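For reference, the chains in residue letters:
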Number of protein chains: 4
Amino acid sequence: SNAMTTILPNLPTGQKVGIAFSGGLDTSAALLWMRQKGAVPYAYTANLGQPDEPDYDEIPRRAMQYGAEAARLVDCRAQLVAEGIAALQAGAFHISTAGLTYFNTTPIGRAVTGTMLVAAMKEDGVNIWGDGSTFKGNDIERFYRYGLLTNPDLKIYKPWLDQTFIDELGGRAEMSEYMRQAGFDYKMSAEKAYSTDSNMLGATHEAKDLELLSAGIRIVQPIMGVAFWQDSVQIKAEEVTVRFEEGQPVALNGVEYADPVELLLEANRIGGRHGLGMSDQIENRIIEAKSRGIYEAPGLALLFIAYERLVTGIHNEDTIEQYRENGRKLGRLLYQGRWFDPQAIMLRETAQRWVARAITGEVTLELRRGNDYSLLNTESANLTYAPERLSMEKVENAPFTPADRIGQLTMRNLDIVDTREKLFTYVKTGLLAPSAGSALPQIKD
Amino acid sequence: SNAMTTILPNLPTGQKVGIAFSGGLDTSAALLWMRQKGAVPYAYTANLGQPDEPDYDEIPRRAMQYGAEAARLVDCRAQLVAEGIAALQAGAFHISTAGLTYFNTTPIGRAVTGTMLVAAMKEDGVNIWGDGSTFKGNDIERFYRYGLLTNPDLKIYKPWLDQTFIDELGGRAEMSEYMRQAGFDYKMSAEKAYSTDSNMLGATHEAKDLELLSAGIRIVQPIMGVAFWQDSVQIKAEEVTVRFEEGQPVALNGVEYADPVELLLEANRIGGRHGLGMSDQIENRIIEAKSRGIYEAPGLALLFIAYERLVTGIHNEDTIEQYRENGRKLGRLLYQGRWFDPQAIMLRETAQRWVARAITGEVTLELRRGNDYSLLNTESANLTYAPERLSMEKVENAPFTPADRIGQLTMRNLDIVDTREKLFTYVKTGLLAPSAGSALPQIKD
Amino acid sequence: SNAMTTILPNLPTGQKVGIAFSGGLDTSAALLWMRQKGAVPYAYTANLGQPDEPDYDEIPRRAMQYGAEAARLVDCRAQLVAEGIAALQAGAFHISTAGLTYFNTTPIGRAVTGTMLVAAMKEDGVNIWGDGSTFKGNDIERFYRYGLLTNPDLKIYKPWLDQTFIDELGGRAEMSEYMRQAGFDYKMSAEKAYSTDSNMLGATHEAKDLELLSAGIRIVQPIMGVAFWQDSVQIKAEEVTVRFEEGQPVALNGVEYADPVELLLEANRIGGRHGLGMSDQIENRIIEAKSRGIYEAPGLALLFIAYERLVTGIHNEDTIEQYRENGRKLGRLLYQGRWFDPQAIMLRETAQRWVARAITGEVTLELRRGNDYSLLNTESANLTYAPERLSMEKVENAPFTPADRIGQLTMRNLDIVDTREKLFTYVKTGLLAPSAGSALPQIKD
Amino acid sequence: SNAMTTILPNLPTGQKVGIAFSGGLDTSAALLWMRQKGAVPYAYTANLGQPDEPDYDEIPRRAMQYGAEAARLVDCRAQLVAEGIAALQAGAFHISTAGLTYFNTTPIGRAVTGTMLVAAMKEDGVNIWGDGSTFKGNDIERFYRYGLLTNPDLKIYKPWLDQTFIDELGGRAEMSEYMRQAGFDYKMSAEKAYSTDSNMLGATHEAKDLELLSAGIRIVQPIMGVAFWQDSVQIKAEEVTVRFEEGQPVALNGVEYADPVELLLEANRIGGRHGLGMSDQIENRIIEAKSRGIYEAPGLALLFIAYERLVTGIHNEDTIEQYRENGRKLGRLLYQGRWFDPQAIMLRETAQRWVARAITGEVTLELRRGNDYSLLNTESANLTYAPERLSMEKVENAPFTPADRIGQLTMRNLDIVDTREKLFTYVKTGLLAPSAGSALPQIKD
Ligand SMILES: Nc1ncnc2c1ncn2[C@@H]1O[C@H](CO)[C@@H](O)[C@H]1O
Ligand SMILES: Nc1ncnc2c1ncn2[C@@H]1O[C@H](CO)[C@@H](O)[C@H]1O
């Protein structure tokens, strides 16, 4: 080991140690433990607009009760929405099943907190991050990378590498006990059949009973919308308009939003009433092993429909093709924690400039249950869709004549003959089966 | 002009002329007109398992009443399903809107009839095809290519290039009159606000009122399913199991199908009861102008869900990535009429072999209305999804340790520093905006 | 036909007609003919820095002798070099044979003259271009597109569609005669075994004897360099330094160039003395038929070596991969005449910004004959190549330890087992042949 | 730590340990040391047709002198050539500088020895490989993967993790001393300013003085060819013919080769006399850090020219595009040690079937010095290059007319107008700079 080794396996006694303080059991016990053992902890709670968080202000207050040197709320909502919109603009979603898309809400979230919490730590003179992200997940890598990109002098302390931490804490029962012995009644929540990670872009549910592919969405109580699959849940058809100005979502139902955070919060409400955007995916972790999740993203799903519809009516085939190619590649880079790397920047800026800036328009749709919806109208001054330009009603307005089309067809013949000749060559070399045959099963070569 | 000139602008009097005889007004009047003018027409009606065709046998019988020299039914169902399954296996679908996919059912249909009807014509000594496909659509090019690939000596007569055809026929009122004057009361079907093309893979609706983006699925009476968007339409939730064996769909609801045509007919019934698979798309025609359609494909949509789900649980990330890249490229080639060209064969065979052959398994789902469904179970002996291999419960079974993961992280540092340095270089050259700023809007460079 | 039909098949008598006046036989005879027949011709001669053009000023003077209403020289050199540099920066070259690259000098040239000559015509109130580009080449399409993009009201008159032009002119002997009968002794050049098209980016040789693949570079007298393959040609080894600043070539042999045109002219001289950059290619024309050429581009070949070398020492693997992917796609768009279309802009700007702006450095090489050269040095403050950062000499400076690498390897096991299991599955389904076998040829399944 | 832990940090005393015995100082001392310490070593020497190996038979004989339990020569030449030919067919080369290509000869070599030596070990009941491949290179990962794919029960002992090995051996002086103390005067070869790895596909030189980019090919004494850059080296121009049959190289200079190993040995001799194929590359290692090499591959370079030339004359543009796209992706997978993984198989088989099987023909060239050569002839019954099919000499043979081409142009107008309108939209949103300007530098927005 040396001075520039990033990972610290032992608690840095007497030093300032930053903690991404969500206020759950793990971070609460860790913070208390770090103080007890001699470190000086600084708590940073990310305000991510979590749909299941009732009161962010209460969290720093508990950090101080547990002995934090300082505790603050870092507002990450604006950035989260801006990165979410950038991902949307670039179609940066690589996880999908028969078209149903996962909007990479977890990786976007990590890109935001990994950079913003480390920067907040740096401003307070905190160059050590006591990051509990586990050895078997994706976040250990994402946070490692985002952290070091933000603060080159960052050291990362991994408590689970410290035998004293493993012995005194460990499982949830031991951590819950450690809290109680220090005089803090940690209000243990009612246990669920899965784990949840959330932010205002979306929520992901996985692990525990969701590890079995025989279980699924039926066991999930959604936190950003209703259980649309249950008959007792009454959902009436609802018309919605979504308006974009140069790629930025600016209005919902004719109401203009100067604040994009407020706009996404309203998109979330609209999609949420219908259960729009939920999916079930098997994803490939960074370590090359699969995991399974149930996902929610009602607001982004709503915006995705409108943005895509406009893209298909505004951009040419090659542009749409590059957009989709770039997006799948960018999605994977995002998932790996490389959202700010040069290769990702290239893909991202290309979409923000040449694809998104032309997207000025409005899409009208009807939402019913889950992903059942209908398109009602699509409007844009930038549309290239124009059946009137294809009108052959008058000879004076027709773009081309029947004779012109025949001329175009004649240009295909040379390559057609080349292809037919390839087919015959492929039969002779045994790659393709001959055209003609027998009326009964036949003997092969 | 030249002996190898494909297009004939004049009726070839006294010669054998093939007609793709659907039996609608256009082909009925054309066939009668061609006979009256001296040509010898041969009618070929493609049995495509059309969902709106009540009796295929009656069509050749009418061709003979109109003076056809001969009239045959060419059974294209087996081939249509085989090509549909190949497309499915290769994810050869390039037209989509926010994930909702068009299954290229029209282009697959043309690849089958364009080759099979021309081959049937050749057997009867017919080397001229009186093809009415219009000068402004995609099919004129698709049929031109498929036809010439099948029969190098094929000539194509386009009635609309013949001034005598334009003068005597033309609009539907003139054709309907021509029928009546020849003693045939052509029972014209009730007029619709759109045109429909169909086969057992799917149905497409476009033109007329569907040209307006302010109109949509609401004006369409579906022919392969119910009007799922109307509240008065009662749809009961339904559980379905779909089983694949080495990429081929072999069973539905535990019932094994030796005949793939019968299997797709049942898949169509199941999906049809729910309205599964309908979408609204703006597509890019071969001529680089956009058109709009409302699409149906209930059976293929059902199979796509199952196939995709299995692919995500069986194949590694690079394999899935190549599969999807190849599919979007292949979809476009298919749409262009290049399904049998070498570049298409490459993409297609790759999927049929290395992607599809590993797809042995069964997916269980619940269908509700439209594209609202839930996954209930996923089973396969070929799954690489395996949370038990990730289990750290025993030291003797864990694939890696916490210390091993730290080792992996340390391997990232060199490139992380390179990326951070790129970011600083990009700020200096003015490509990226600086990190730090002011509390109020600031003057830029 | 209608008012917005671009192509005019008849000479527009009494109207202003622009001619891209190169001053060769075709344009000289056409200009004279157009005046004689009543049109009012305006001549525009592109100054392209042609290596075989001794005096551009003399050309407009001849246009006026032939009866041009006006004649001017449009300087296209600055733009030609800027577009050439942009292509270079984006590696926009899709035609190559075993790595030997064609720098798309003809298509770049057409993008420049097609836009610039049409703009010059517009400023003089000339909205008709009498473009002689032939019906069987690529340029007819390129000029059509570039012209209409530049001037939406442009009409293009194609003399070869005019029966009066075909009758009075036609072959070279007839045109040469037409000149003589009008009192102009057109000084007919000594005939060559091939046709040449050139500009300061490069020169292309094709047609006539070069149509035979049994002929090649041996019959070509190069115009931008020496015949390096001939023993009588003495070529001494020469050291050269090429320096870039943020992607722009700025110095050669320590001499800084404020004018990029002068820099390329010197690069051409340096590469030309050695015959650097020549190649033999079979390309695919827009009409899907092949053509063959012998190419020269000594200056661009020199710059390409230096730029590429720097790219490989500065950018990460993913960045280089996107750069090369984008370049091959962009090259094809360029060749089609779509250099200014949105899909091309995307690819081009991406390279100019994220790839090229980091390319600040200097490459030293030794040129011998043809493409035989050696790299002597590569320097750049932006290099990520840094063997000293990989030095394990001191424990205090090593980036990772041996134990760290072992940790990284353990992360591969799960996918390795999945791959081995796929291999066994592929043998069972018959896709792959088993590993073990017999000592003699064996019977198959 | 775990029964399936691959890496062994301690010498397995009393157990059978396989050693890839090249017979250099490192493997000689290691083998002797392992025996002395109680292990039972089995030596396997790969016959790779190394250009610098004078006598393979002498190596096993020395292994036995040093105390090997058994020592065998495993003939890897046939497989090496077959994998080399497969790579060639698929253009699986991703490392290049201005077109000059590195033929991935080291990674191909590792794929062959990593699998073949492990299989040979298994036959002898040896399930432990004492692999000295270092902690900072690529081969540690390649061998790890190839080994485990071949033998799932393989354990890999890394001597450098054993403190007893580090203490007693270590540097070359210590190993050379250990040999002498055991009674073996190891005749150390003359020291070089770089390290070399070789096989009959090619040779790579790197490390030591080649780490400096100010040094290069000038300090290398080539082992597969002459020092073509030195004037004193006399090289006579030489004509060569290379013939392929369905993608397999079968003849050189009219002499047919039934044995591909013999064919490559002759190709190596021909290219070697000229120094054909040498290059200087900066590559990206698996660990995301760069390294520099000087490479030789005269035989493969010769075959690459012929294969590529034939590909350009036989295959259509889309086919060539897919071929090159697939190749760059496959090259990277090959470099990573994933040559036998599913995603690599897909790319590889596609080329072997649809690209290579059509490559039947012969290319004639003249080789001079280094990469300076000329193409003299290209012949193939499969060529699609055919200027006679483009001949407009007779009206009865012309594929299209001038009027037909005009028809084709008219089909471009709609998209041209869409693109022009995009350009105006991009100026309005500030993405593109306006067309018109001032005669002097102007104030911007
Ligand atoms: N036409 C296309 N060609 C290749 N890849 C495409 C295309 N369209 C979209 N993609 C996407 O490219 C991704 C990776 O490049 C794939 O996941 C695929 O979905
Ligand atoms: N890694 C890669 N994957 C795919 N295509 C690539 C890669 N590198 C370069 N290319 C280029 O992409 C082009 C078209 O996309 C091909 O002509 C090919 O040369």
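Residues numbered from 1 in each chain as written, not as in the entry; some residues may be left out. Chains lettered and ligands numbered in written order. Heavy atoms only, no water.

Structure determination for this entry, per the PDB record, employed X-ray crystallography and reached 2.15 Å resolution.

Quick word on the packing of helix α3 (residues 77–89) of chain C against helix α9 (residues 298–314) of chain C
All names here are of chain C. It is the contact of α3 with α9, at a shortest axis distance of 10 Å, that shows an interaxial angle of 35°. Regarding α3 and α9, the two cross each other, and that crossing is right-handed. Contacts between α3 and α9 involve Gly-84, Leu-88 and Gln-89 on the former and, on the latter, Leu-300, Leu-303, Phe-304 and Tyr-307. Classifying every residue of the contact of α3 with α9 by side-chain character gives five nonpolar, two polar and no charged. (Axes fitted to C-alpha atoms, helices over the stretch in contact; angles between N-to-C directions. Helix = DSSP H or I, 4+ residues; strand = E, 2+ residues; numbered from the N terminus. Left-handed = near helix turned anticlockwise from the far one by under 90°. Contact = heavy atoms within 4.5 Å. Nonpolar A, V, L, I, M, F, W, Y, C, P; charged D, E, K, R; others polar.)

Focus on the site of ligand 1
As a structural note, the neighbourhood of ligand 1 is formed by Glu-321, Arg-324, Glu-325, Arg-328 and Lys-329 of chain A together with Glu-321, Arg-324, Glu-325, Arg-328 and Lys-329 of chain B. Contacts to ligand 1 include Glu-325 of chain B, whose side-chain N or O atom sits 2.6 Å from an oxygen atom. Out of a free accessible area of 420 Å², ligand 1 has 92% covered by protein chains. Sorting the residues of the shell around ligand 1 by element identifies α10 (317–336) of chain A together with α10 (317–336) of chain B as the ones contributing at least two each. Its residues assigned to classes, the shell around ligand 1 comprises no nonpolar, no polar and ten charged. (Near = heavy atom within 4 Å. Polar contact = N/O pair within 3.5 Å; in protein donor to acceptor, adjacent residues only side chain to side chain. Areas by Shrake-Rupley, 256 points an atom, 1.4 Å probe, with all protein chains shown as cover.)

Observations regarding the interface of chain C and chain D
By convention, interface size is frequently given as the accessible area that disappears when the constituent parts associate. Facing 98 residues of chain C, the contacting portion of chain D comprises 98 residues. In total, about 8900 Å² of surface goes out of reach between chain C and chain D, with carbon and sulfur atoms giving 57% of it. The salt bridge partner of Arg-338 of chain C is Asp-415 of chain D, with a shortest N-O separation of 3.3 Å. At the surface where chain C touches chain D, the tally comes to 44 residue pairs in polar contact. For the side of chain C that touches chain D, the per-class residue count stands at 44 nonpolar, 24 polar and 30 charged. (Buried area = accessible area lost by both parts, 1.4 Å probe. Salt bridge = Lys/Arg side-chain N within 4 Å of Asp/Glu carboxyl O.)

Some remarks on unusual backbone geometry
All names here are of chain A. A positive phi is found at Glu-288, a non-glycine position, where the angle reads about 70°. In this fold, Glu-288 is placed in the loop between β14 (279–284) and β15 (290–296). Owing to a relative accessible area of 26%, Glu-288 belongs among the partly exposed residues under this scheme. (Buried < 20%, exposed > 50% of the residue type's maximum accessible area, 1.4 Å probe, protein only.)

Comments concerning the relation of the copies chain A and chain B
If you rotate chain A by 180° and push it 0.0 Å along the axis, it lands on chain B with an RMSD of 0.2 Å. These values place the two chain copies in the arrangement generated by a two-fold rotation axis. For chain A, the smallest separation between a C-alpha atom and the rotation axis is recorded for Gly-99 of chain A, amounting to 1.9 Å. Same-surface contact between copies: 99% of interface residues of chain A are shared with the interface of chain B. (Least-squares fit on C-alpha atoms.)

Points about the sheet that holds strand β10 (residues 203–206) of chain A
Residues and elements named next belong to chain A. If you walk across this open sheet you meet the four strands as β9-β10-β15-β14, and the pairing is antiparallel. One side of each edge strand has no neighbouring strand; the edge strands of this open sheet are β9 (195–198) and β14. Between one strand axis and the next, the sheet turns through 30° on average, direction left out of account. Both β10 and β15 contribute to a ladder of four bridges, which runs antiparallel. In the sheet register, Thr-204 faces β15, and the bridge partner there is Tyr-295. (Pairing = 2+ DSSP bridges.)

Side note on the pairing of strand β12 (residues 248–252) of chain D
Residues and elements named next belong to chain D. Most of β12 is tucked away, with four of its five residues classed as buried. Examined bridge by bridge, strand β11 (residues 238–245) and β12 share four bridges and lie antiparallel to one another. Following the sheet pairing, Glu-245 is matched in β12 by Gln-248. Counting the residues between successive antiparallel strands, the hairpin from β11 to β12 contains two residues, one of them, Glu-246, with a positive phi of roughly 50°. As defined by bridge partners, β12 adjoins strand β13 (residues 255–256) across two bridges and the pair is classed as antiparallel. Note that in β13 the partner of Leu-252 across the bridge is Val-255. From the end of β12 to the start of β13, which pair antiparallel, there are two residues, and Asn-253 there has a positive phi angle of about 55°.

What about the packing of aromatic side chains?
Residue and element names in this part refer to chain C. By the definition in use, this model includes 60 aromatic pairs over all chains. Between the aromatic rings of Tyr-307 and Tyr-323, the centroid separation amounts to 6.4 Å while the plane-to-plane angle is 65°, which identifies the pairing as edge-to-face. Here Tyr-307 is found in helix α9, whereas its partner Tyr-323 is found in helix α10 (residues 317–336), with 16 residues between them in sequence. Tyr-323 gets classed as buried once you look at its relative accessible area, which sits at 3%. (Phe/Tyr/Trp six-rings, centres within 6.5 Å; stacked < 30°, edge-to-face > 60°.)

A closer look at helix α7 (residues 172–181) of chain D
Residue and element names in this part refer to chain D. Along α7, the positions that sit buried rather than exposed are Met-175, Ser-176, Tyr-178 and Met-179. Along the axis of α7, the buried residues cluster in a sector spanning 155°; they form a single face. Opposite the buried face of α7, by more than 90 degrees, sit the exposed residues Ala-173, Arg-180 and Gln-181. The secondary structure elements touched by the buried residues of α7 are α1 (25–36) and α6 (163–168). (Arc of directions from axis to C-beta.)

A look at the relation of the copies chain C and chain D
Note on the copies: chain C fits chain D at an RMSD of 0.2 Å, the axial shift is 0.0 Å, and the rotation between them is 180°. Comparing contact sets, 99% of the residues at the interface of chain C also lie at the interface in chain D, consistent with an isologous, same-surface contact.

Digging into the environment of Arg-285 of chain D
Residues and elements named next belong to chain D. Its place among the elements puts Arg-285 in the loop between β14 (279–284) and β15 (290–296). Given a relative accessible area of 18%, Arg-285 falls into the buried group. If we ignore the near neighbours within four places in the chain, the residues touching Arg-285 are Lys-136, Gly-137, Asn-138, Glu-206, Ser-291 and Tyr-335. Of the polar contacts made by the side chain of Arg-285, one reaches the side chain of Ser-291; its length is 3.3 Å.

Regarding the pattern of salt bridges
By the definition in use, this model includes 152 salt bridges over all chains. Measuring nitrogen to oxygen at the nearest pair gives 3.4 Å for the salt bridge that ties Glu-317 of chain A to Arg-332 of chain B. Remark: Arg-332 of chain B occurs in helix α10 and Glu-317 of chain A occurs in helix α10; the pair is interchain, linking two chains. Each member of the pair, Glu-317 of chain A as well as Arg-332 of chain B, carries the same accessibility label: buried. A salt bridge links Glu-141 of chain D to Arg-405 of chain C, with the nearest nitrogen and oxygen atoms 3.3 Å apart. Residue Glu-141 of chain D is found in helix α5 (residues 139–150), and its partner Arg-405 of chain C is found in helix α12 (residues 402–410); the two belong to separate chains. Given a relative accessible area of 6%, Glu-141 of chain D falls into the buried group. With relative accessibility at 0%, the residue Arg-405 of chain C sits in the buried group. A network of salt bridges, in which partner residues are shared, links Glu-288 of chain A, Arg-405, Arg-412 and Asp-415 of chain C together with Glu-141, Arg-145, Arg-338 and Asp-341 of chain D.

Regarding the domain arrangement of chain A
Residues and elements named next belong to chain A. Once the domains are mapped, chain A shows domain 1 (1–76 + 105–192), domain 2 (77–104 + 193–379) and domain 3 (380–444). On a C-alpha basis, the centres of domain 2 and domain 3 stand 37 Å from each other. Every contact between the two is made by nine residues of domain 2 and, on the other side, six residues of domain 3. Carbon and sulfur atoms make up 49% of the area that domain 2 and domain 3 hide from each other, which totals about 490 Å². The largest share of the area that domain 2 buries against domain 3 comes from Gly-313, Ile-314 and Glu-379, three residues that together contribute 66% of it. Between the two partners, domain 2 and domain 3, sit five residue pairs in polar contact. Taken together, the elements giving at least two residues each to the side of domain 2 that touches domain 3 come down to α9 (298–314) and β17 (373–379). The element that contributes the greatest number of residues to the side of domain 2 that touches domain 3 is α9, accounting for three residues. (Domains from an automatic or database assignment.)

What about the side chain of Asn-284 of chain D?
Mapped onto the secondary structure, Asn-284 of chain D falls in strand β14. Looking at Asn-284 of chain D, its side chain comes within polar contact range of the side chain of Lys-290 of chain D, at 2.8 Å. Here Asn-284 of chain D is in contact with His-315, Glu-317 and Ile-320 of chain C together with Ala-289, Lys-290 and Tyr-335 of chain D, once residues within four sequence places are set aside.

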